[PDB]
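Breakdown of the fold
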Amino acid sequence: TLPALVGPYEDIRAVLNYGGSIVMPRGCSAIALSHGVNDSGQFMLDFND
Amino acid sequence: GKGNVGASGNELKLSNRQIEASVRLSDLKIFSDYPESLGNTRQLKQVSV
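Each value, and the rule that gives it
- Sequence-order numbering is used: residues on each chain count from 1 as written, possibly diverging from the entry numbering, and only residues with coordinates are shown.
- Ligands are numbered from 1 and chains lettered from A, in the order in which they are written.
- For clarity, the chains displayed are a part of a larger assembly, and the values are limited to that part.
- Water and hydrogen atoms were dropped before computing side-chain values, which therefore reflect all heavy atoms in the structure.
- Runs of E in the DSSP output that reach at least two residues are strands. Runs of H or I that reach at least four are helices, and both are numbered from the N terminus.
- Burial classes: relative accessible area under 20% of the type maximum marks a residue as buried, over 50% as exposed, and values in between as partly exposed (1.4 Å probe, protein chains only).
- To measure how exposed things are, a 1.4 Å probe is used in the Shrake-Rupley method; for residues, cover is taken only from the protein chains shown.
- Criterion for a salt bridge: a side-chain nitrogen of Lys or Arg within 4 Å of a carboxyl oxygen of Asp or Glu.
- DSSP bridges decide pairing: two strands pair if at least two such bridges lie between them.
- Comment: axis = line fitted to C-alpha atoms, over the contacting stretch for helices; angle = value between 0 and 180 degrees taken between N-to-C directions.

The record names cryo-EM as the way this model was obtained, at a resolution of 3.9 Å.

1. Remarks on the overall build of chain A
Counting secondary structure elements, chain A contains zero helices and two strands. Here chain A holds 49 residues, and 6% of them are scored as buried. In the form shown here, chain A has an accessible surface area of approximately 4700 Å², with 59% of it arising from carbon and sulfur atoms.

2. Examining the environment of A:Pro3
Residues and elements named next belong to chain A. Turning to its location among the elements, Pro-3 is positioned in the segment before strand 1 (14-17). Residue classification places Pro-3 among the exposed residues on the basis of a relative accessible area of 78%. Distance in space between the C-alpha atoms of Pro-3 and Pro-25 is 32 Å, their sequence separation being 22 residues.

3. A few points about the pattern of salt bridges
Residue and element names in this part refer to chain B. Applying the stated criterion across every chain yields a total of two salt bridges over all chains. Note that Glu-20 is salt-bridged to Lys-13, the shortest N-O span being 3.8 Å. Here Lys-13 falls in the partly exposed class, since its relative accessible area comes to 22%.

4. Some thoughts on the sheet that holds strand 1 (residues 4-7) of chain B
Residue and element names in this part refer to chain B. If you walk across this open sheet you meet the three strands as 1-2-3, and the pairing is antiparallel. One side of each edge strand has no neighbouring strand; the edge strands of this open sheet are strand 1 and strand 3 (18-22). Within this sheet the neighbouring strands show an average axis-to-axis angle of 15°, counted without direction. Here strand 1 runs beside strand 2 (residues 10-15); their pairing, made up of four bridges, is antiparallel. From the neighbouring strand, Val-5 faces strand 2, where its bridge partner is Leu-12.

Laid out in structure tokens, this is it:
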């Protein structure tokens, strides 16, 4: 979550990465962050994936 | 009754009874939004208005 002074038409741009020793295949080692309003980085919050 | 402003790809105009506004995709510069690191092929998939 990113609670800054954000106005309309503004699109935050953050990236989370993990650089650990254990390497699990790509697709999930890094994620983006666009609006930050309790953003999970996915268009769905599904735990049955 | 009729107006036109803009260039190929990025053009607003009035044709017949309708008004058309075209946006050139390459104009939008989405490569520049995020670093080429951790991304090779970028492509659009969803549009909401």
